[PDB]
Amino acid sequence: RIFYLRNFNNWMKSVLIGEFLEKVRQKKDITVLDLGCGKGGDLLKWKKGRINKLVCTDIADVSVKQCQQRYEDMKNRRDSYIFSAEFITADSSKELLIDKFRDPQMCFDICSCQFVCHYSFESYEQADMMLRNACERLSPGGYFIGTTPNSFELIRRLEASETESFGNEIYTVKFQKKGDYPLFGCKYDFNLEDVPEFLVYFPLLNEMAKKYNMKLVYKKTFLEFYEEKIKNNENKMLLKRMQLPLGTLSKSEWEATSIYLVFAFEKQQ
């Protein structure tokens, strides 16, 4: 029954992505940076969005090759318009992407960073660098959007527990330490259903992003974002198409999903 949670987070991304492609269109040939693209889970979302150019990039060569394969298959389906795509293997917390890009002067209208940012918080330099790569090639008025664990929700559960661990049948989180939360390098293990992650203090990400002329649009918990986006019936209908609150997800599914927040920043003039 692990479909429903995976599918819920996917609908989260869909609705975030749709909102910001529309904001870009309200301002008047859309170029997108999908940073930490994995296997291509969002490839389909970008086609629906009708964008024109996509750069997919990941630290993991196999995921990158795989995402390129999936993109190609979507190309080779019968009777189909699709963005052009460029695929780059690169550590975006340690290497500059502008030097990897084919077109070294290209611009982006959105950088999408889904379930990736928290890997960069190992140190200042890698956090600043992923952020550099996310923001420095955005056109004025463009967006840096994504999804990451909520540090406040993680610590809170950590401090309600008797151990370094908390979780349910679906997820387990294991910190190295209680009481001590450094800005960079605050490691914890995460398992759903197991790469080591780093805590992302949102007030800090927010300040660090100013360095690249970004201002916050919003930061919403998954539950806040869900409670609001679902008042829209097309959104509801999309959720039904694709498929603590009482419905949609089970109690323990909601504890899993409610760990996350949604964020958006905009490039200033």
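Whichever C-alpha set is largest while still superposing within 1.5 Å between the two forms counts as the rigid core. Residue indices: 1-based, along the sequence shown.
Take 234-242 and 37-45, fit the other structures onto the shown form by the rigid core, and average the C-alpha distances in 6 other deposited structures of this protein: the farther stretch is 234-242. Per the compared records, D79 is unresolved in at least a third of the other entries whose models span it. Unmodelled residues of the deposited sequence between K28 and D29: 1 to 3. According to the record, no deposited residue between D99 and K100 is left without atomic coordinates. Stretches 104-112 and 168-176 differ in mean C-alpha B factor, with the higher average recorded for 168-176. Between 82-90 and 157-165, it is 157-165 that carries the larger average Cα temperature factor according to the deposited entry. The PDB entry assigns its highest CA temperature factor, among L192, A134, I145, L183, to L192. Per the deposited coordinates, the residue with the largest Cα temperature factor out of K215, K45, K231, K219 is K231. Among all modelled residues in this chain, the alpha-carbon of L246 has a temperature factor (C-alpha) in the highest third. Ranked by C-alpha B-factor against the other modelled residues of its chain, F121 falls in the lowest third. Placement of the Cα temperature factor of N76 within the chain: highest third of the modelled residues, per the deposited record.
Remark: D58 belongs to the lowest third of its chain, ranked by C-alpha B-factor as recorded.
Among all modelled residues in this chain, the alpha-carbon of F152 has a temperature factor (C-alpha) in the lowest third.
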